[PDB]
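A structural walkthrough
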Amino acid sequence: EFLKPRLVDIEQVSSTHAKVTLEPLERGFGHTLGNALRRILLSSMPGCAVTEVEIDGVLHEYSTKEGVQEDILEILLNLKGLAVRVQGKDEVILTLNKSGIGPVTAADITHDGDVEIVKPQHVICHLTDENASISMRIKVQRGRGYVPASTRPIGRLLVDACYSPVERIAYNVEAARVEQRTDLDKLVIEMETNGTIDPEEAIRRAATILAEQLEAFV
Amino acid sequence: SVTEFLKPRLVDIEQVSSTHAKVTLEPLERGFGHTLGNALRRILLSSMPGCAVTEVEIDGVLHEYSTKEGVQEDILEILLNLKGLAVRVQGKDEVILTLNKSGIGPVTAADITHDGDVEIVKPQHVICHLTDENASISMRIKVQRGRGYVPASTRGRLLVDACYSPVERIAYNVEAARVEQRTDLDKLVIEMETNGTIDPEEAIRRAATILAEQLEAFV
Amino acid sequence: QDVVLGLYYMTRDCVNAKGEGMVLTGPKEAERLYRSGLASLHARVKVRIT
Amino acid sequence: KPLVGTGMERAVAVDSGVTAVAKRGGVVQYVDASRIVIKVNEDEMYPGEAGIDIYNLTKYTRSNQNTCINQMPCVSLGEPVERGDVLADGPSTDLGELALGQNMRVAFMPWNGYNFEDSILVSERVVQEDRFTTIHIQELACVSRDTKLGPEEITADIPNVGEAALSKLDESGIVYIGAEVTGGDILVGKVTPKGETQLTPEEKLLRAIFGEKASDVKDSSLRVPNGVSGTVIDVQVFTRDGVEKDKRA
Amino acid sequence: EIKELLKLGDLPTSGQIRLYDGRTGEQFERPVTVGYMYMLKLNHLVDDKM
């Protein structure tokens, strides 16, 4: 009867994109599982994108702050790409306080050890003069998919939500000459995340989602 | 809150004669209709356990475009009829059945020797028409249990394309579903037609079991 | 324009494609073969048509 | 930055007065979101006056077509600049090259009829990246005039509407800057003594018997057009000579 | 020159690559033309027309 595939290798190429292996797979099941897992991963993976941002002297996102080279809109756009991991809390409020010339990066955020910033070098903005400072509050929540700010004080700036750690998924079906048996498929899934989700955890969540959806008629 | 989705239910199962059915699921999450339908279709028409006529030997035929006296159907047509001969067999993998008959008229499936544990699901399935008296059709059909569709092109004995999978046709049709407020959802609509070995619902549930078992190593 | 192109591509033949020359038991078998990837959409065959 | 251009993008961008072309070469002494200060080189410096160029970038402002005109600096601190080089790039420009749109990955094939005649099928990634998101600035003018039956007033005491609808207004009856208004919201609620007629003794007695305190003030109350949302970025009050400008003004 | 520049990269000289269907995961025969084209968002927005 059917051989059950299992996770045999997690080949971490870089910090962001990994390459997991599922083996063994019968004829045809390789493509079926690859496409199903690709759709599930690209569709529904929990993420921790920013939701709201509050700068002290800013009333709306179409203004400017003295000494900041970037418009508030560009700051919000940069934050929208911030990759962050939260473990214990569904919702957290990070703080960023910086003063003096230089690139205000994601590493200037308050540590808050329960929250991990995967790209400390991710530039947020630039400060041009010594007497210019940015003191701002960022609201990071768990979620799923894409939640535009339009669907969901006069100082609160909403940034569109991008709760999707995955960025690219590609599955290849190769030949697995193992178990003294020929024409057994091996599914190599190369997944490029933003660094906030474990590839093994991502595959596990995708399989769990597919099984839960499949339980409706079994 | 970010882990539980809209788990669908079999909202409508409208059916026609037992070899055909139409199942409907709603409301599926955005995009899940296509993936579920594609996975089910692939598993059902590519890898489903079953048994069908694998190869038939005639007493006096050694070539595909051969001729027999007194049979209206050509070798091609009788091979086609045997291809659609739905057969159910017990745990035994391969079995050989014999068909012997003389006289003017149809040669139905029931005409096959009833001895053995092989069960015929379409007894009135026409295999051939023989029009004369002195000619007698004598043949042996070998049926094996397989894992989908295996064309005879994959390599006086005649090879028949073995269609092990019970399903004759399957097609999913993802449509638009509705919820209290959400609208960008899916309404999976499976339409199945089987050869009669098992019911369409049984085929769907077997495919779901196969997929879930294949995913037990991660869940 | 798109439907006619799709139908023109569907109903067409080439001298040699996958699953050519095999005899089919009906249109349902043809669709099963095409979806399963065992025969090209445009390959000369024999089909039992009613 | 069109990947496949023709070499005329830079000329078009520079010649049209949308960028901040450096009048004289020098070194960028200061640069923020709304200003550039270039310390001119000694070679190009006139005698006497000193002599550093100041470019005040035009931030978010309305165009004739209700688009957004916004100049963003394209230079950093201490970066040398030559004469004629772009310091800030206006709308539809990247590093001084005309960029009217966005370049993205396109495939030519029919797709289930969703690109049937001339339709385009766009992925959710295009809208996720907000690359074709546009800012449109819209101007709404409420004019209080001196009509018959008295003048018009910009007071916040709007009849027939609760305090919830008037929460976003200040004490002077004008919306706050930065308030997120949607269709139907009252931006500047003006109600005028130009209301309705006066009721004769029997008529007025009957009206008061019904238990209603409708006054001689009607509701004009400029409000956002239905279906239009956004954020208020500027409020300008032009007052005629001798009118006792209000607290908001 | 376009072919030469394509070959300088690891791209096919024909300008057409092989694409797979996002829904079914099945390869599209007849390799399709994929590139990078400059879309413009013209000032005719639906919400200004409805």
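**Focus on the overall build of chain D**
The secondary structure content of chain D amounts to 3 helices and 20 strands. Its C-alpha radius of gyration of 27 Å places chain D more than 25% over the 18 Å reference for a compact globule of 249 residues. Its C-alpha atoms put chain D at 85 × 70 × 30 Å along the principal axes. Summarising the internal contacts of chain D: among those between residues at least 6 apart in sequence, 58% fall at separations of at least 24.

**Focus: the packing of helix α1 (residues 29–43) of chain A against helix α1 (residues 32–46) of chain B**
Running from N to C, α1 of chain A and α1 of chain B point in directions that differ by 170°, and their axes come no closer than 10 Å. By the criterion of interaxial angle, the relationship of α1 of chain A to α1 of chain B is roughly antiparallel. Of the residues in α1 of chain B, those in contact with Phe29, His31, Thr32, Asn35, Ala36, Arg39, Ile40 and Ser43 of chain A of α1 of chain A are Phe32, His34, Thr35, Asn38, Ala39, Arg42 and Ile43 of chain B. Split into classes, the residues belonging to the contact of α1 of chain A with α1 of chain B amount to 6 nonpolar, 7 polar and 2 charged.

**Side note on the packing of aromatic side chains**
All names here are of chain A. In this structure the tally under the stated criterion is 4 aromatic pairs over all chains. Aromatic side chains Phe2 and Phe29 sit 5.1 Å apart centroid to centroid with 80° between the ring planes, which places their arrangement in the edge-to-face category. On the criterion of sequence distance, the pair formed by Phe2 in the segment before β1 (6–12) and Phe29 in helix α1 is long-range, its members being 27 residues apart. Judged by its relative accessible area of 12%, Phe2 is buried. Judged by relative accessible area, which is 1%, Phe29 ranks as buried.

**Quick look at the nonpolar core**
Counting residues in each nonpolar core, the largest one holds 56 residues, and the members touching the most others are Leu41, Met45, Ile189 and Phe217 of chain A together with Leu44 and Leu188 of chain B. Aside from chain neighbours lying at most four places away, what touches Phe217 of chain A is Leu10, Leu25, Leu40, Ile204, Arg205 and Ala208 of chain B. Judged by nonpolar contacts, the second largest core, of 29 residues, contains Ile55, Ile72, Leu76 and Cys125 of chain A.

**Brief notes about the interface of chain A and chain B**
Opposite the 38 residues of chain A that make contact, chain B presents 37 residues. Interface of chain A and chain B: buried area, both sides summed, is about 3500 Å²; carbon and sulfur atoms make up 66% of it. Together, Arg144, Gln213 and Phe217 of chain A form the three largest contributors to the area buried by chain A at its contact with chain B, with a combined 21%. Remark: the boundary between chain A and chain B carries 4 salt bridges. There are 9 residue pairs in polar contact connecting chain A and chain B. If one sorts the elements of the side of chain A that touches chain B by residue count, helix α3 (residues 199–214) of chain A sits on top with 10 residues. Across the side of chain A that touches chain B, the residue classes break down as 20 nonpolar, 9 polar and 9 charged.

**Points about the interface of chain D and chain A**
Taken residue by residue, the interface counts 27 residues in chain D and 22 residues in chain A. Between chain D and chain A, roughly 1900 Å² of surface is buried when both sides are summed, and carbon and sulfur atoms account for 58% of that area. When residues of chain D are sorted by the area they lose upon contact with chain A, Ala33, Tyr60 and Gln128 of chain D head the list and together hold 25% of the total. Summed over the shared surface of chain D and chain A, the result is 1 salt bridge. Between chain D and chain A we count 7 residue pairs in polar contact in total. Within the residue set of the side of chain D that touches chain A, elements represented by two or more residues are β2 (26–32), β7 (72–73) and α2 (124–128) of chain D. Here the side of chain D that touches chain A gets 4 residues from one element, more than from any other, and that element is α2 of chain D. A per-class count over the side of chain D that touches chain A returns 15 nonpolar, 6 polar and 6 charged.

**Thoughts on the sheet that holds strand β10 (residues 157–158) of chain A**
All names here are of chain A. Read from one edge of the open sheet, 4 strands run β5-β9-β3-β10, paired in antiparallel fashion. Because the sheet does not close on itself, it has two edges, and the strands there are β5 (91–99) and β10. Direction of pairing for β5 relative to strand β9 (residues 133–141): antiparallel, over a ladder of 9 bridges. Opposite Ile93, over in β9, you have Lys139 as the bridge partner. Most of the contacts of helix α2 (residues 72–80) go to strand β3 (residues 50–55), to which it runs at about 145°, and overall it touches β3, β9 and β10.

**What about the pairing of strand β14 (residues 189–194) of chain B?**
Residues and elements named next belong to chain B. Here strand β2 (residues 20–26) pairs with β14 via 5 bridges, running antiparallel. What sits directly across from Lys22, in β14, is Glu191. Pairing analysis gives 5 bridges linking strand β13 (residues 167–172) to β14, with the strands arranged antiparallel. Counted as the bridge partner of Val167 is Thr194 from β14.

**Digging into the arrangement of the chains**
Highest in contacts among the 9 pairs of chains that touch are chains A and B. Taking C-alpha atoms as the reference, chain A and chain C come no closer than 9 Å and do not contact one another.

**Looking at a nonpolar patch on the surface**
A surface patch of nonpolar side chains, about 370 Å² in accessible area, is lined by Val3, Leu7 and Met10 of chain C together with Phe116 of chain D. In this fold, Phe116 of chain D is placed in the loop between β12 (102–108) and α2. In this structure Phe116 of chain D comes out as partly exposed when scored by relative accessible area, which is 37%.

**Thoughts on the pattern of salt bridges**
Evaluated as defined, the whole model comprises 42 salt bridges over all chains. Taken together, the shared-partner salt bridges in this structure form one network comprising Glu52, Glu54, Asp56, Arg137, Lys139 and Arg156 of chain A.

**Points about the domain arrangement of chain D**
Residues and elements named next belong to chain D. The domains assigned to chain D are domain 1 (18–92) and domain 2 (133–243). When each unit is reduced to the centre of its C-alpha atoms, the spacing between domain 1 and domain 2 is 42 Å. Approximately 490 Å² of surface area, both sides summed, lies buried where domain 1 meets domain 2, with 65% of it carried by carbon and sulfur atoms. Of all residues in domain 1, the largest losses of buried area upon contact with domain 2 belong to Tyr60, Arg62 and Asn66, amounting jointly to 69% of the total for that side. Taken together, the links from domain 1 to domain 2 amount to 0 salt bridges. Applying the counting criterion to the domain 1 and domain 2 interface returns 2 residue pairs in polar contact. A per-class count over the side of domain 1 that touches domain 2 returns 2 nonpolar, 3 polar and 1 charged.

**A look at unusual backbone geometry**
The amide bond that connects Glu23 of chain A to the next residue, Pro24 of chain A, takes the cis arrangement and shows omega of -5°. Summarising the element assignment, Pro24 of chain A is placed in strand β2 (residues 17–25). With an omega dihedral of 10°, the bond running from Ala50 of chain D to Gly51 of chain D counts as a cis peptide bond. The backbone of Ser92 of chain D shows a phi angle near 55°, a positive value even though the residue is not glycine. Inspection of the secondary structure assignment puts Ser92 of chain D in the loop between β9 (86–89) and β10 (93–94). Take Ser92 of chain D: its relative accessible area is 34%, and that puts it in the partly exposed class. If you check the backbone angles, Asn160 of chain D has positive phi at about 70° while not being a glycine. Within the fold, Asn160 of chain D resides in the loop between β14 (150–151) and β15 (180–181). For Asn160 of chain D, a relative accessible area of 78% puts it in the exposed group.

Each value, and the rule that gives it
- Residues numbered from 1 in each chain as written, not as in the entry; some residues may be left out.
- Chains lettered and ligands numbered in written order.
- Part of a larger assembly, values for the part shown.
- Heavy atoms only, no water.
- Residues with missing side-chain atoms left out of burial classes, pairs and counts.
- Helix = DSSP H or I, 4+ residues; strand = E, 2+ residues; numbered from the N terminus.
- Rg over C-alpha atoms; globule rule 2.2 N^0.38 Å.
- Contact = heavy atoms within 4.5 Å.
- Axes fitted to C-alpha atoms, helices over the stretch in contact; angles between N-to-C directions.
- Parallel < 35°, antiparallel > 145°, perpendicular 65-115°, else oblique.
- Nonpolar A, V, L, I, M, F, W, Y, C, P; charged D, E, K, R; others polar.
- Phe/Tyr/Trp six-rings, centres within 6.5 Å; stacked < 30°, edge-to-face > 60°.
- Buried < 20%, exposed > 50% of the residue type's maximum accessible area, 1.4 Å probe, protein only.
- Core = buried A, V, L, I, M, F, W, Y, C linked by side-chain atoms within 4.5 Å.
- Buried area = accessible area lost by both parts, 1.4 Å probe.
- Salt bridge = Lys/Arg side-chain N within 4 Å of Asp/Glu carboxyl O.
- Polar contact = N/O pair within 3.5 Å; in protein donor to acceptor, adjacent residues only side chain to side chain.
- Pairing = 2+ DSSP bridges.
- Patch = residues over 30% accessible without salt bridge, like charges linked within 9 Å, V, L, I, M, F, W, Y side chains within 5 Å.
- Areas by Shrake-Rupley, 256 points an atom, 1.4 Å probe, with all protein chains shown as cover.
- Domains from an automatic or database assignment.

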